[PDB]
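Structure first, commentary second.
Read-outs: derived from the displayed coordinates by stated rules, not from any lab. FYI the Cβ positions are ideal-geometry reconstructions off the backbone, even for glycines, and counts take in every protein chain you see.
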Amino acid sequence: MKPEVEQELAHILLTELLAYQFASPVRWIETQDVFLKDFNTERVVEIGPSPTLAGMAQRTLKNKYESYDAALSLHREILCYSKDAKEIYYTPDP
Amino acid sequence: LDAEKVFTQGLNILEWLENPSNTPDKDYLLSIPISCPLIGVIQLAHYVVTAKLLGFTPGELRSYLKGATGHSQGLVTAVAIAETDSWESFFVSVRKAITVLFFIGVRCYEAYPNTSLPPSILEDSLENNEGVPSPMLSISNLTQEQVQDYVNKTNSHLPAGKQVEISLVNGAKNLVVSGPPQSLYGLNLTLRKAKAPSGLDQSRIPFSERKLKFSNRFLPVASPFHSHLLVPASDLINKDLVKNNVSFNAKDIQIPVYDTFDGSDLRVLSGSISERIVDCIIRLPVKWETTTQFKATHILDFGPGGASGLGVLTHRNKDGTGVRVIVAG
Amino acid sequence: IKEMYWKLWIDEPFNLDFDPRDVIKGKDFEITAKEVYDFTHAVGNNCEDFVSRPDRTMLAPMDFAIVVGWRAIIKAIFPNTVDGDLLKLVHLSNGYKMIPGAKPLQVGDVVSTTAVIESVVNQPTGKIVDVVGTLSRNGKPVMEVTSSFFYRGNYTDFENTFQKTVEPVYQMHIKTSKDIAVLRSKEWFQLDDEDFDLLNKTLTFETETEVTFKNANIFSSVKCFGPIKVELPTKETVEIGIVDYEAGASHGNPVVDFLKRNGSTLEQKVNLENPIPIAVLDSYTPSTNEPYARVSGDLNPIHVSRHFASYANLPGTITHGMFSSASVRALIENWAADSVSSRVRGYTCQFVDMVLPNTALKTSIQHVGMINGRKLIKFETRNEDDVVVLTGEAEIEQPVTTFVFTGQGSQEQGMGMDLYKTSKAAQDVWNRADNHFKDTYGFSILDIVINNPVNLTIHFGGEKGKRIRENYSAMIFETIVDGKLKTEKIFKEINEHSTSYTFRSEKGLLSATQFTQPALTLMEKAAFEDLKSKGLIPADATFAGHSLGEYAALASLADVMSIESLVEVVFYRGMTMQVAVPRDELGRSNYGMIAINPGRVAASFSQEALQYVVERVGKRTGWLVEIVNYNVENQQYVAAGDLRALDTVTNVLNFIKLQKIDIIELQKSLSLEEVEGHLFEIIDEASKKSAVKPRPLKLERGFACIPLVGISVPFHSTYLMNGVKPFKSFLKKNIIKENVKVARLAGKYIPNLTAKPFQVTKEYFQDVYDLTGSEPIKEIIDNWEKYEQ
């Protein structure tokens, strides 16, 4: 595929994905399952003013990934920008 | 052929015995190529003081044994004792013992060599009073049926060539799991969940609502013995012993030597005894309770460790049956 | 001397008569488990990635590049025209850099080498030769080796000398019309279109300078070229111009002088506040250097032979520097990269001093800074006499990272105004958006966020004010309601003869949808831009946003929209979620949404169980209710529709808990498809109990369900599939084709619609069409043969 065409399509799709999102259910289980299993995300950084989606990841781990996270010794860091600046910016206290 | 590659700090033992300075670090000494054959020697040696300080020939000491057997690699010194006759033809038995223990520790180091732990892991295990990880994890106070659950959990997720298995069944509630130190660190985390603090005090709680108290502790070894990881070595060792001319014939072994898997006598087998003993250390598990199923008033433990050794474990398995374990070393 | 070193290093006929300016090529070298074994044992790299294991591919360490690259890299110090006493040679620096993309070296691979000599300069105290090797497999670059050698002596050979440096990137803000005239002065400022407007644009000069010599001080030729780029409103840069300075005799490069004064440097390496100690580690050098020499092919006799060491005035057979490089990078790989070879991504080593066999080296290791969200790790190695021996740095990939962007509800007064005080990057985001709002819609989004105003009046006085009123009058809502689309113009109370419009809230405006939506989307975009500024954002980060997050995330990690276009879309969105529902009384709607916790009703009750109960209560009643946010498994869902049909569900659930019927025991086990009857009973008693109440009915809580307060619209539902065709045609104005970088989305963006990493394939469009039924999508699937241009 030509990059000029691939660009045209990516645009169409990206515009339709955002149009309907509005008016179709937020599928945030099937999401967390993609980034916690299919990518084995080690740090998940919540950029927000309060730690909602962090709490939701902590609980999606504690439910259906407690065994996986041991058997793969897959230590996972969940960080909210508001609460855990020091672990994101690498500025530990002396 | 490629043996010099494996002995990086050499194998000049006479030099190490004179000068404690020129002795390598413990970690090198523990590597199976040097530790395997040198444990053989330690046992054969303890056996010899025993014979000479009684004034017996090694065949005469053997004639007063009813049977002999060994845990893990100890099974080789056992079958070498069973052959011996006079002080002249002793050194042809000792050649056979330590040649086999050499090719086990050489061809098994090649098949699954120890590599660097992620230091994250090493530091996690040391702040939770678990050991330094190793390929052999020991679990006190948990039935073989309880442990085999926690490994079916852990081996659900892992792929084939990273899986753990029960290797030694030492007691009713004294098991050892063998596999990749990563994988056995996986298992250890799964256990920290289930286990309850040793300072909890459940004397106030009805019995059958109490949390399981149990100790999980890494061994000091360097290979995963009695595992599927060492199977590649099995074929190579059998061929490296037909070269160096090292069979054990059934006729030559004059006492029952007790196989470490069944408990059956090794003198009975149709095939090679040399072959079997390799599979009993490489592949197959160790069912101590069922190999030590003979009856006898007295048990000599020649092996290494002393009070921390096999003898004192064998004492607990048959406390009250009227069997005295002597720690001969 | 060179006839000897050629027999030991190179394997060709002996010919010193080739140009340094030419491109040296190596043999096609095939990596093999044998050589990676021997190499790793010679350096003490006991990292698992390099060991043969069952059901796994054996990697080669990046150190192993020099093994592949030697024949070629060293062949660059041999030509007649770079004369040098090879016994007096000193390897100063060596560097590896993985080209971004390509995976590390495997054990199957066949690696083509090409070395090029970059820079031969006579310094006062000797001659420096900078070389660059490029390792390529399957005709793609994999990594670059950058070795610099140094022939000690006295050279006056300036005819055979040259230096290509790559200058730091210089940034000019063009404020005035003299700035533009000073730049048009310069002959060397070529532009593709000379009519291009430069005013208030930001320019970046990406410049390399080739330079032949006459003496130490006077260049016999200067060249300084490479592209001029302008920052767009997305922060993407684009080539507008060329630099094209040439010259004969010159005492300097006037371009780089001009840009040092007038511009400012774009340093990629950002330092942490204070360095972070990682380790202080102890390595020995090996007693013999015959092992390393065998595997590498550095048969330099000074390392192995007491006579050559003495003839070259060294303190003995010295350790290969290239061993001390590898040794130390095996400790970087083990502590900093926690034994993941693939994380260590570039490595650079200066050889300060010499080290004899059986020395004991303390190497300190520190995390000093960040660079494109690779960690930057300065080390230094000392011998027993506390003398520095190696120094260097590593670029180490941060662990695999996902960014998740919070949606609405979390909003607070003062949010991210901490960052606004401190961060230059955050300031630029707010200030940029607050000027856009002030000028198009007559309010400051900062004021709203900083001090929650209860009321906010816009006035439409003066000429500026009439422009601001046209901007509210133009805002429509092209709804698809009825057979024929109907356009319900937002702000009906705004006509030619308005002078004011007032935004009412009860509590504060920052809780109204149309102000909250931007205040979130900024606060985030700012936080993010402050991170990106500090170099804390992995190139290969996955990103995802809950609902509104989707926008903040696509602004932040794919620069799809400008800051200005973003806050437009999001403000129009929040406005198009106020017209969307009828509110006859005042602002009260007969719609809402509740947060169900299936755990609390019954331990058995879960998925496939809510998706019946809620689907029936609506198939039965005819009152639109749906599940809208699937959040946590069997612990957090959100259902949204008719306040009536919600009040049935919070009752139907509070019945099943207190009634304590376990669904599965009577789902299929007892009676199969009769349950519809059991359920229709439980509905019709609570259904027509909540069809007789004060119209916009006070929705009460329960053990399973909590009601979300101040949420009067059912978004993420089919209700407002009707209000979409407007919004879709609105986006196609603020989101442009040119500003979509496919590379920055594909694999990385996880939509909310289709929780599947964004791809551009027939498969993915098909899966979208199945959850949408859009014609612009279906017509693409139909003629998927635009693959041919």
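A compact table of results
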quantity: Yes/no for C:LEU699 being at negative phi and in contact (Cβ under 8 Å) with a residue 24 or more places away in the chain; calculated: yes
quantity: Residue check for C:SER604: in contact with a helix residue (DSSP H, G or I) (Cβ under 6 Å, 6 or more places away or on another chain), more than 14 Å from chain A (Cβ to nearest Cβ) and of a type in the set (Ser, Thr, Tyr); calculated: yes
quantity: Qualifying helices (runs of 4 or more DSSP H) (wholly inside the range B:53-162; at least 3 residues being in contact with a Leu (Cβ under 8 Å, 6 or more places away or on another chain) and more than 14 Å from every other protein chain (Cβ to nearest Cβ)); calculated: B:74-81, B:91-111, B:144-157
quantity: Matching helices (runs of 4 or more DSSP H) fully within the range C:262-345 where at least 3 residues are closer than 22 Å to C:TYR96 by Cα; calculated: C:290-296, C:321-335
quantity: Matching residues in the range A:21-40 - criterion: being of a type in the set (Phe, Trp, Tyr), surrounded by fewer than 24 Cβ atoms within 10 Å (Cβ to Cβ) and farther than 17 Å from A:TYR68 by Cβ; calculated: A:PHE22
quantity: Matching residues in the range C:738-753 - criterion: being free of Cβ contacts under 8 Å to residues at least 60 places away in the same chain and crowded, with 21+ Cβ neighbours inside 10 Å; calculated: C:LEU753
quantity: Count of the range C:559-571 residues which are surrounded by 20 or more Cβ atoms within 10 Å (Cβ to Cβ) and part of a helix (DSSP H, G or I); calculated: 8
quantity: Subset of the range C:3-47 (residues that are in a helix (DSSP H, G or I) and within 43 Å of the chain's Cα centre (by Cα)); calculated: C:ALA33, C:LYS34, C:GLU35, C:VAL36, C:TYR37, C:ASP38, C:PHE39, C:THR40, C:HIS41, C:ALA42, C:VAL43
quantity: Scan of the range C:712-737 for residues that are part of a loop (DSSP other than H, G, I, E, B) and crowded, with 19+ Cβ neighbours inside 10 Å, ordered by number; calculated: C:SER712, C:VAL713, C:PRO714, C:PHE715, C:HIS716, C:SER717, C:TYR719, C:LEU720, C:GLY723, C:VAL724, C:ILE735
quantity: Residue list for the range C:50-104, filter: touching a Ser or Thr at 6+ places or on another chain (Cβ under 8 Å) and free of Cβ contacts under 8 Å to residues at least 60 places away in the same chain; calculated: C:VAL51, C:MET58
quantity: Check on C:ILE777, touching a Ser or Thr at 6+ places or on another chain (Cβ under 7 Å), within 7 Å of chain A (Cβ to nearest Cβ) and within 29 Å of C:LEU548 (Cα to Cα); calculated: no
quantity: Lone unmet requirement of (1) of a type in the set (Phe, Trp, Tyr); (2) within 12 Å of chain A (Cβ to nearest Cβ); (3) free of Cβ contacts under 8 Å to residues at least 40 places away in the same chain for C:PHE655; calculated: (2)
quantity: Selection status of C:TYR630, in contact with a helix residue (DSSP H, G or I) (Cβ under 7 Å, 6 or more places away or on another chain), assigned to a strand (DSSP E or B), within 14 Å of another protein chain (Cβ to nearest Cβ) and crowded, with 24+ Cβ neighbours inside 10 Å; calculated: no
quantity: Enumeration of residues in the range C:1-44 that are of a type in the set (A, V, I, L, M, F, W, C), in contact with a strand residue (DSSP E or B) (Cβ under 7 Å, 6 or more places away or on another chain) and closer than 14 Å to C:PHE64 by Cβ; calculated: C:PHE29, C:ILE31
quantity: All helices (runs of 4 or more DSSP H) inside the range C:442-558 with 2 or more residues being within 11 Å of another protein chain (Cβ to nearest Cβ) and within 30 Å of C:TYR749 (Cα to Cα); calculated: C:513-534, C:549-557
quantity: Per-region count, the range C:403-440, residues surrounded by 16 or more Cβ atoms within 10 Å (Cβ to Cβ), under 29 Å from C:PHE715 (Cβ atoms) and small (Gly, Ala, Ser); calculated: 6
quantity: Count of the range A:41-72 residues which are polar (S, T, N, Q), farther than 26 Å from C:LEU531 by Cα and surrounded by 19 or more Cβ atoms within 10 Å (Cβ to Cβ); calculated: 1
quantity: Given (1) touching a strand residue (DSSP E or B) at 6+ places or on another chain (Cβ under 6 Å); (2) within 14 Å of chain A (Cβ to nearest Cβ); (3) assigned to a loop (DSSP other than H, G, I, E, B), index of the condition C:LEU699 fails; calculated: (2)
quantity: Top-ranked residue in the range C:757-770 [being outside any helix (DSSP H, G or I) and at the interface with chain A (Cβ under 7 Å from one of its Cβ atoms); ranked as nearest to A:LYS37 (Cα to Cα)]; calculated: C:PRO757
quantity: Selection within the range B:1-59 - hydroxyl-bearing (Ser, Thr, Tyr), loosely packed, with under 15 Cβ neighbours inside 10 Å and within 24 Å of C:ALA42 (Cα to Cα); calculated: B:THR8
quantity: Selection within the range B:275-303 - over 30 Å from B:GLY320 (Cβ atoms) and assigned to a helix (DSSP H, G or I); calculated: B:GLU275, B:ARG276, B:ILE277, B:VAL278, B:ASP279, B:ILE281, B:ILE282
quantity: Qualifying residue in the range C:419-438 (condition: among the aromatic types (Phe, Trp, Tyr) and at the interface with chain A (Cβ under 10 Å from one of its Cβ atoms)); calculated: no
quantity: Flag for C:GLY723 being out of contact with any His (no Cβ under 8 Å at 6 or more places or on another chain), under 28 Å from C:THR479 (Cβ atoms) and either more than 8 Å from chain A (Cβ to nearest Cβ) or of a type outside the set (A, V, I, L, M) (or both); calculated: yes
quantity: In the range C:385-413, the residues that are in contact with a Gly (Cβ under 6 Å, 6 or more places away or on another chain), within 11 Å of chain A (Cβ to nearest Cβ) and under 19 Å from C:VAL368 (Cβ atoms); calculated: C:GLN398
quantity: Lone qualifier among B:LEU189, B:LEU175 - being free of Cβ contacts under 8 Å to residues at least 40 places away in the same chain and in a strand (DSSP E or B); calculated: B:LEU175
quantity: Residue, farthest from B:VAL76 (Cα to Cα), within the range B:259-296, restricted to residues that are small (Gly, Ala, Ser) and in contact (Cβ under 8 Å) with a residue 12 or more places away in the chain; calculated: B:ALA296
quantity: Yes/no for C:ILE396 being over 30 Å from C:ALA326 (Cβ atoms) and touching a helix residue (DSSP H, G or I) at 6+ places or on another chain (Cβ under 9 Å); calculated: no
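Table: residues versus (1) closer than 26 Å to C:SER606 by Cβ; (2) at the interface with chain C (Cβ under 8 Å from one of its Cβ atoms).
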| site | (1), (2) |
| --- | --- |
| A:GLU16 | no, yes |
| A:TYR20 | no, yes |
| A:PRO25 | yes, yes |
| A:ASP33 | yes, yes |
| A:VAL44 | yes, yes |
| A:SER50 | no, yes |
| A:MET56 | yes, yes |
| A:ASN63 | yes, yes |
| A:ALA70 | yes, no |
